[PDB]
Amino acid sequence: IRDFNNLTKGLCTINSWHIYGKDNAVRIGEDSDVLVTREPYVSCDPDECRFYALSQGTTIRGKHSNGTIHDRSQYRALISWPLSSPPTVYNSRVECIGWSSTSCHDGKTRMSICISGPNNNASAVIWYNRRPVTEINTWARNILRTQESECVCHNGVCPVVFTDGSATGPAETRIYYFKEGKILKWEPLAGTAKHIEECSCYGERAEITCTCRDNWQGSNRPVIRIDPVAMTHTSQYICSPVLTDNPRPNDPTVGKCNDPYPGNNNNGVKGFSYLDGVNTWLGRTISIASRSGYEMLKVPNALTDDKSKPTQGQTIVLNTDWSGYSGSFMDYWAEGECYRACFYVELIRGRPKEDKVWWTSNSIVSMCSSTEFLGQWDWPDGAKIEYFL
């Protein structure tokens, strides 16, 4: 009955962003049984789109919320839940157990991947059709880790980018090509990106583009472009001087295409872009110093043009509100002739920026592109920290 999805369409023209989903999880969880989360994303099946994140295995009001700034424990799991509801104890479906994930539907069924273990002995389990199929042991014994947003499939082949090794020098990044949860091939990273974490990917016209985080050196973002038929890839950086990691230095006039733009070391944030010629939009935090604010900038030819500057933009979160990770997804099963770019922003609340509470959590806002030039609003998390004291 169902066939594997093929990436046959190009991106729709992005003239602005419209609201798609928002869960208000922190506001609602002040007085309801909402799980503490972080590292959220969005992903569609052929008949539904859902929110996803890594639970911390406690509610926000629960006493076990104390300590949830920590990224890795035995109490995390990848959960999904209905679009724009909050992640509650009673509506959250566990996809797999662990503290680093990705997930994508191939048109027939869903693959989900969760990594668990101690830092020196982690392993991935690849689930397909809600059953475990393949396992991969750590190859560098230092926090095996993956995208924290959806993967993308083409004719059953779903590439996934993993890293294992240091966060503050060269590491061992691998691109795995899965089909029905089995490994067809893997390759080591090639090209000019010097460090890769937390790739945010999308597909169009039989090519998958991933915008990642160079935690080690780069305040420009590395880009991996994957051919899922040939099962090959390239890597470079976004050439534009509109720098989109965080923290970062101020924007220069000329960026770097094949090396990290320097100025900030050993830090970053997961983020994304859509790189499609003149139809190119970059997300970034507004602040250069912290995970505050969020904006989209139209930067024609950002990938290839080392002097490209914005020609249009849209504020998503004011710089007086907290943001966080951000990532790409699309509804590959929508009607019409083109794929509509979407993204989400994780709105982090609690530690370390708001340390009067003992927890860290987030809510989600997400937007998709419009071919209209729509008015803009800002979309904060909306919770009052003082209510939790």
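We number the residues from 1 along the sequence you see.
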* 254-262 set against 276-284, stretch whose average Cα temperature factor tops the other in the entry -> 254-262
* Structure fact -> For 43-51 versus 350-358, entry-based mean Cα B-factors point to 350-358
* Asked: If you check the C-alpha B-factor for each of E150, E198, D106, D305 in the entry, which is highest?
  -> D305
* Asked: Which listed residue, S80, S101, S84, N119, has the largest C-alpha temperature factor in the record?
  -> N119
* Asked: Relative to the other modelled residues in the chain, which third contains the C-alpha temperature factor of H70: lowest, middle or highest?
  -> highest
* Among all modelled residues of this chain, ranked by Cα B factor, put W186 in the bottom, middle or top third, i.e. lowest, middle or highest. => highest
* Would the CA B-factor of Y294 place it in the lowest, middle or highest third of its chain? -> middle
* So where's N142 on the chain's Cα temperature factor ranking, which third? -> highest
* Using the B-factor values recorded in the entry, state whether the Cα atom of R93 falls in the lowest, middle or highest third among the modelled residues of its chain. => middle
